[PDB]
Structures are given as structure tokens and as C-alpha cells.
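Residue numbers (the authors' numbering), protein chains in the order written: chain A, 251 to 300; chain B, 51 to 100.
Beta carbons are placed, not taken as given, at the ideal position from N, Cα and C, and that holds for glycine.
Following: one structure in C-alpha cells, then a few remarks.
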Amino acid sequence: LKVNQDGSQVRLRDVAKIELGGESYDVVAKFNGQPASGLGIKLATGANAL
Amino acid sequence: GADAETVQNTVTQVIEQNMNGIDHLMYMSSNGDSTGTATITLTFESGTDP
Numbered sequence: 251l252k253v254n255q256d257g258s259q260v261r262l263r264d265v266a267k268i269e270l271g272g273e274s275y276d277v278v279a280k281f282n283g284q285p286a287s288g289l290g291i292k293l294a295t296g297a298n299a300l
Numbered sequence: 051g052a053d054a055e056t057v058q059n060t061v062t063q064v065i066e067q068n069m070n071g072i073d074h075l076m077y078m079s080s081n082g083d084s085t086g087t088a089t090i091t092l093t094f095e096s097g098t099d100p
């Protein structure tokens with residue numbers, strides 16, 4: 251990010267906390283109190299639902 | 051400026067995943083060139099209105 255006057259360098263880790271996380275934390279889904287995530291399936295046109 | 055491996059993972063796989071489910075789809079094929087071009091060819095059942 252920046253190079254100091256003394257010659258030291260400022261890395262991103264020095265000013266921030268980098269880690270993998272979700273895109274959005276607005277929605278928290280739980281199934282029976284356990285963390286969960288679901289995917290919804292829509293039927294194709296003219297397809298036997300069963 | 052994307053290699054063949056990058057193209058397959060980044061564009062072709064994403065596009066193909068959504069393309070599944072279109073009406074009267076017979077089969078799909080794809081190719082990712084070293085030039086970065088990705089070509090998804092969708093062949094539909096005969097008699098389908100193009």
C-alpha cells in the first residue's frame with residue numbers, strides 16, 4: 251500500500267483483516283437452529299413434476 | 051488475454067450452467083481458445099422455432 255520514509259513498507263494485512271466470507275450478511279438462514287443454505291428449483295415447462 | 055483453462059472456468063462453465071433447462075435442448079458443446087474466445091453451441095430438437 252505505501253512505502254514509509256524509513257524504507258519500511260505497509261502491506262494490506264497491516265491495516266486490514268483479510269479472509270474469505272459471504273457476499274452478503276443481511277440474510278441468515280437456519281434449519282432447526284443449525285446453519286443452512288438452500289437452493290430453489292423451478293420446474294421446466296412441460297416437464298413431469300413427479 | 052485469457053488462456054484456455056481460464057476461459058473454461060470463468061465464462062463457459064458459468065454460461066453452460068444457466069443454459070441447462072431451455073426448451074427442446076438436444077445437446078450442448080463448448081470450446082475455450084487460448085485467444086480467450088468462448089463459444090457455446092446449443093443444438094435444439096428438430097422442428098423448434100429458431
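Which residue or residues does DSSP assign as beta-bridge partners of residue i?
i               : result
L92 of chain B  : B:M78
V260 of chain A : A:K252
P285 of chain A : A:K280
Whole angstroms is fine: what's the gap from residue i's alpha carbon to residue j's?
i               : j               : result
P285 of chain A : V265 of chain A : 31 angstroms
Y275 of chain A : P100 of chain B : 42 angstroms
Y77 of chain B  : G257 of chain A : 60 angstroms
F281 of chain A : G86 of chain B  : 42 angstroms
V260 of chain A : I268 of chain A : 15 angstroms
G51 of chain B  : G272 of chain A : 29 angstroms
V277 of chain A : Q255 of chain A : 45 angstroms
Could you check if residue i is buried or exposed, using at least 16 other CB atoms within 10 Å of its CB as the buried criterion?
i               : result
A299 of chain A : exposed
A279 of chain A : exposed
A88 of chain B  : buried
Stretch pair the stretch 58-75 of chain B + the stretch 83-100 of chain B: three plus CB contacts closer than 8 angstroms: yes
The stretch 78-85 of chain B in contact with the stretch 54-61 of chain B per 3-pair CB rule at 8 angstroms: Touching, per the Cβ criterion.
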